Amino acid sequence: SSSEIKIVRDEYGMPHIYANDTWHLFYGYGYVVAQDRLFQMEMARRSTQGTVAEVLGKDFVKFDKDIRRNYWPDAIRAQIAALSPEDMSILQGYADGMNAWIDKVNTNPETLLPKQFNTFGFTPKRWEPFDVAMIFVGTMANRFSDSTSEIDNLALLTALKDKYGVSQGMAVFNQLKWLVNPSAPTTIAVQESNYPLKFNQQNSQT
């Protein structure tokens, strides 16, 4: 059967999903996530989109602002609109699976709604592909691949130039925040290869 999704859980509760096409496979994944981690996923959805203050109030208004200033939603939707049908099926199957369990929860809340929803006073909403994409963007790209302190670097460099004068301020900047250090221990050994690019080290853009 092409319609059937079989979900088997092991002795630690870990789910295994048996399905015949893409959409059904991700639909079962989404569904067990909603069963196991609904409040956590919902709070992560509000955290990655800056919609925390709506359910938790005034202490989260700066947080929500800072999250929305850090991305451009129409760019992510444009990327989802260009996927092929097989790629789109991963994202929509996952959200449809989550939604099937959310509909059952919102229909029988006396036994199915996670306690913390009652504690925090709100209820789960249905997901779309954009929401799934934004969980990865928000917790992976924005947590681990968005780091810069260039503006603060410049303020430091300026302060060192005042203190030690122009050429000397630069050389102390290179002593505290070197560009590369040839003695750093490396995952690839020098016998295998070295990086080929050499960069400017004098703030030559000024």
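So that the term is clear: the rigid core is the largest set of C-alpha atoms that superpose within 1.5 Å between two forms. Note that residue numbering begins at 1 and tracks the sequence as displayed.
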Completion exercise
Between 138-146 and 66-74, greater root mean square CA displacement in 8 other deposited structures of this protein relative to the shown form, after rigid core superposition, belongs to 138-146
Exercise for the section: Read off the CA B-factors in the entry, average them over 110-118 and over 95-103, and name the higher stretch. Expected result: 110-118
Practice task
Select between 171-179 and 140-148 the stretch whose C-alpha atoms have the higher average B-factor in the entry.
Solution key: 171-179
Practice task
For the C-alpha B-factor as written in the entry, point me to the maximum among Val166, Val52, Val32, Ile67.
Solution key: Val166
Practice task
Report the third (lowest, middle or highest) to which the CA temperature factor of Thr187 belongs, ranking only the modelled residues of the same chain.
Solution key: lowest
Handout entry: Entry-reported Cα temperature factor of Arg37, expressed as the chain third it lands in
Key = middle
Exercise for the section: Taking the values exactly as deposited, rank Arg46 by C-alpha B-factor within its chain and report the matching third: lowest, middle or highest. Expected result: lowest
Handout entry: For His24, the third of its chain into which the C-alpha B factor falls
Key = middle
Exercise for the section: Consider only the C-alpha atoms of the modelled residues in this chain, order them by B-factor as the entry records it, and name the third containing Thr123: lowest, middle or highest. Expected result: highest
